[PDB]
Structures are given as C-alpha cells and as structure tokens.
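Let me begin by presenting the structure, written as structure tokens, before commenting on it.
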Amino acid sequence: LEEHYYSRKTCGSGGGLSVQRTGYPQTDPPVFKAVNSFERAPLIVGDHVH
RNA sequence: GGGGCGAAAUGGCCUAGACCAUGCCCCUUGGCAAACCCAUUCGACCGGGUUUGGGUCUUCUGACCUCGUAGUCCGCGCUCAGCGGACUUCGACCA
C-alpha cells in the first residue's frame with residue numbers, strides 16, 4: 001500500500017487547491033524463511049559414573 | 001617490666017578459717033621461598049642489600065580465576081562437550 005496526493009491546479013481562472021488522496025497496493029518479494037530445528041539421539045543406560 | 005599462685009616445697013596461723021615469708025608458672029616471638037647486585041686468582045667465598053610471595057576486573061562496595069570450611073537436599077536421569085552433580089555460607093603470607 002502506498003498513498004499519494006494528486007494535487008492538480010486549474011487553468012487561469014479561480015485558483016483552487018484540491019488534495020485528492022489515493023492509495024495503491026504495492027507488491028514485494030516474499031519474507032524470509034526462518035529456520036529453527038534440532039535433532040538428537042534417544043536415551044541409553046541409567047548408570048552415572050561411566 | 002607486665003602478671004599468677006597460694007596453691008605445690010616447706011616456716012608464722014595452724015578445730016576451722018583466711019592471710020603471710022622465702023618461694024615457685026609464662027612474654028620477651030618467631031618463619032618466609034624465589035629472582036638480581038658488588039671487588040676479585042679481575043666470582044667461587046662467606047657475608048650483606050633490592051624486587052616479588054594466593055591473584056586480577058573498577059583488588060571502592062561487587063564480581064572473575066582458585067581452592068579451604070562447613071549445612072542442605074541430592075541422581076538413581078536428563079543432557080551436543082556430558083557426568084556423578086546440585087544449591088546457600090565464612091576464610092584465604094604462614095605457626
């Protein structure tokens with residue numbers, strides 16, 4: 001989205017000011033590809049000293 | 001100098017008792033372990049002096065290496081290092 005004021009002026013008669021606000025949806029490349037993973041082994045043995 | 005004692009050795013007093021005389025108990029603190037210096041056979045030779053000695057970051061409070069001292073639950077499992085590991089405390093040149 002991007003707004004803009006197409007502010008035009010008339011010929012040699014009057015002299016008024018018009019804002020004329022308008023927007024336009026603007027494209028863009030995709031967002032990052034966040035990655036957060038983790039792999040490990042299961043579980044082995046209960047002994048502690050070894 | 002500083003204290004202690006009437007015990008403990010005896011003598012006065014000496015049912016008992018508490019004090020006395022000589023009379024006997026301690027302090028004159030102590031130790032650092034390293035590195036370097038002189039004159040010369042122009043080092044061998046004993047003796048002396050200087051820099052360090054738990055240690056840094058803000059050695060201010062307070063923490064970061066290390067340990068020492070204790071009390072408490074503790075694991076009978078979860079974590080890549082692994083592990084046996086947790087929390088709270090006081091001290092840290094040496095007798």
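Following the order of the structure tokens, chains are lettered A, B, ..., residues in each are numbered from 1, and ligands are numbered from 1.
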Closest atom pairs, chain B residues within 9 Å of chain A, only C-alpha atoms (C1' of nucleotides), as a Markdown table:
| residue | atom | partner | partner_atom | distance |
| --- | --- | --- | --- | --- |
| B:75 | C1' | A:48 | CA | 7.7 |
| B:76 | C1' | A:46 | CA | 7.6 |
| B:77 | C1' | A:46 | CA | 6.3 |
| B:80 | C1' | A:40 | CA | 7.9 |
| B:83 | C1' | A:48 | CA | 6.6 |
| B:84 | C1' | A:48 | CA | 5.7 |
Might you pull out every residue within 9 Å of residue 93 in chain B, with only C-alpha atoms (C1' of nucleotides) counted and same-chain residues fewer than 5 positions away left off, and present them as a PyMOL selection string? chain B and resi 32+53-54
With C-alpha atoms (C1' of nucleotides) retained, write the just-selected residues as a PDB file, in the first residue's frame.
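Resulting contents of selection_9.pdb:
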ATOM      1  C1'   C B  32      59.097 -16.586  54.986  1.00  0.00           C
ATOM      2  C1'   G B  53      55.248 -14.372  47.530  1.00  0.00           C
ATOM      3  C1'   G B  54      47.372 -16.845  46.516  1.00  0.00           C
TER       4        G B  54
END
Mind checking which residues fall within 10 Å of residue 27 in chain A, counting only C-alpha atoms (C1' of nucleotides), ignoring those fewer than 3 positions away in the same chain, and posting them as a PyMOL selection string? chain A and resi 1+24+30
Please give the complete set of residues from chain A that DSSP, run on the backbone, assigns to strand (DSSP E or B), formatted as a list in words.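 Across chain A, those assigned strand (DSSP E or B) are residues 2, 3, 4, 5, 21, 22, 23 and 24 of chain A.
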For the residues in that selection, give me C-alpha atoms as a tab-separated table (two decimals), in the first residue's frame.
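The result, stored in selection.tsv:
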chain	number	residue	atom	x	y	z
A	2	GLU	CA	1.27	3.46	-0.96
A	3	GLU	CA	-0.69	6.71	-0.69
A	4	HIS	CA	-0.26	9.79	-2.87
A	5	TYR	CA	-1.83	13.23	-3.32
A	21	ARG	CA	-5.76	11.31	-1.74
A	22	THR	CA	-5.49	7.80	-3.17
A	23	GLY	CA	-3.57	4.61	-2.45
A	24	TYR	CA	-2.22	1.68	-4.47
Find the spatial neighbours of range 6-14 of chain B, counting only C-alpha atoms (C1' of nucleotides), within a cut-off of 9 Å - ignore same-chain residues fewer than 3 positions away - and output them as a PyMOL selection string. chain B and resi 19-24
Only N, CA and C atoms (P, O5', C5', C4', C3', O3' and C1' of nucleotides), please: the residues just picked out, written as a PDB file, in the first residue's frame.
ATOM      1  P     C B  19      42.132 -14.992 101.297  1.00  0.00           P
ATOM      2  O5'   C B  19      43.002 -13.970 102.153  1.00  0.00           O
ATOM      3  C5'   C B  19      44.399 -13.854 101.953  1.00  0.00           C
ATOM      4  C4'   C B  19      45.088 -13.354 103.196  1.00  0.00           C
ATOM      5  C3'   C B  19      46.565 -13.039 103.054  1.00  0.00           C
ATOM      6  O3'   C B  19      46.798 -11.767 102.473  1.00  0.00           O
ATOM      7  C1'   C B  19      46.223 -14.326 105.004  1.00  0.00           C
ATOM      8  P     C B  20      48.171 -11.483 101.690  1.00  0.00           P
ATOM      9  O5'   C B  20      49.260 -12.222 102.583  1.00  0.00           O
ATOM     10  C5'   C B  20      50.620 -11.823 102.563  1.00  0.00           C
ATOM     11  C4'   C B  20      51.291 -12.136 103.877  1.00  0.00           C
ATOM     12  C3'   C B  20      52.772 -12.471 103.802  1.00  0.00           C
ATOM     13  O3'   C B  20      53.589 -11.311 103.764  1.00  0.00           O
ATOM     14  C1'   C B  20      51.663 -14.085 105.125  1.00  0.00           C
ATOM     15  P     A B  21      54.781 -11.193 102.696  1.00  0.00           P
ATOM     16  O5'   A B  21      56.028 -11.845 103.441  1.00  0.00           O
ATOM     17  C5'   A B  21      57.230 -12.122 102.739  1.00  0.00           C
ATOM     18  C4'   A B  21      58.055 -13.167 103.445  1.00  0.00           C
ATOM     19  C3'   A B  21      58.883 -14.071 102.546  1.00  0.00           C
ATOM     20  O3'   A B  21      60.115 -13.481 102.172  1.00  0.00           O
ATOM     21  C1'   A B  21      57.720 -15.381 104.138  1.00  0.00           C
ATOM     22  P     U B  22      60.182 -12.466 100.930  1.00  0.00           P
ATOM     23  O5'   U B  22      61.511 -12.895 100.167  1.00  0.00           O
ATOM     24  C5'   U B  22      61.551 -14.087  99.395  1.00  0.00           C
ATOM     25  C4'   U B  22      62.101 -15.249 100.185  1.00  0.00           C
ATOM     26  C3'   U B  22      62.378 -16.509  99.383  1.00  0.00           C
ATOM     27  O3'   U B  22      63.619 -16.471  98.701  1.00  0.00           O
ATOM     28  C1'   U B  22      61.151 -17.077 101.310  1.00  0.00           C
ATOM     29  P     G B  23      63.660 -16.639  97.104  1.00  0.00           P
ATOM     30  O5'   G B  23      62.593 -17.786  96.812  1.00  0.00           O
ATOM     31  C5'   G B  23      62.645 -19.017  97.513  1.00  0.00           C
ATOM     32  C4'   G B  23      61.335 -19.760  97.438  1.00  0.00           C
ATOM     33  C3'   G B  23      60.800 -20.039  96.043  1.00  0.00           C
ATOM     34  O3'   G B  23      61.420 -21.162  95.444  1.00  0.00           O
ATOM     35  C1'   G B  23      59.047 -19.263  97.443  1.00  0.00           C
ATOM     36  P     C B  24      62.280 -20.997  94.098  1.00  0.00           P
ATOM     37  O5'   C B  24      61.810 -22.223  93.194  1.00  0.00           O
ATOM     38  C5'   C B  24      61.164 -22.004  91.950  1.00  0.00           C
ATOM     39  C4'   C B  24      59.721 -22.442  91.990  1.00  0.00           C
ATOM     40  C3'   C B  24      58.899 -22.116  90.751  1.00  0.00           C
ATOM     41  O3'   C B  24      59.068 -23.056  89.702  1.00  0.00           O
ATOM     42  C1'   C B  24      57.714 -21.431  92.666  1.00  0.00           C
TER      43        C B  24
END
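Our summary of the geometry notes that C1' of residue 82 in chain B is positioned 27.9 Å from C1' of residue 63 in chain B.
For the residues B:95, B:46, B:87, B:5, ranking by smallest atom-to-atom distance to residue 73 in chain B using only C-alpha atoms (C1' of nucleotides) places B:87 first.
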Residues at most 12 Å from residue 3 in chain B, counting only C-alpha atoms (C1' of nucleotides), excluding those fewer than 5 positions away in the same chain, as a PyMOL selection string? chain B and resi 25-27
Mind dumping the selected residues with C-alpha atoms (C1' of nucleotides) as a PDB file, in the first residue's frame?
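Final output, saved to again_26.pdb:
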ATOM      1  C1'   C B  25      54.422 -20.788  86.220  1.00  0.00           C
ATOM      2  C1'   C B  26      54.686 -17.631  81.414  1.00  0.00           C
ATOM      3  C1'   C B  27      56.258 -12.969  77.315  1.00  0.00           C
TER       4        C B  27
END
One decimal, in Å: what's the spacing between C1' of residue 78 in chain B and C1' of residue 65 in chain B? 29.3 Å
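The space separating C1' of residue 61 in chain B from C1' of residue 90 in chain B comes to 18.5 Å.
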Considering only C-alpha atoms (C1' of nucleotides), state which residue in the set B:89, B:48, B:55, B:34 is at the smallest distance from residue 70 in chain B.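 Between B:89, B:48, B:55, B:34, the residue approaching residue 70 in chain B most closely is B:89.
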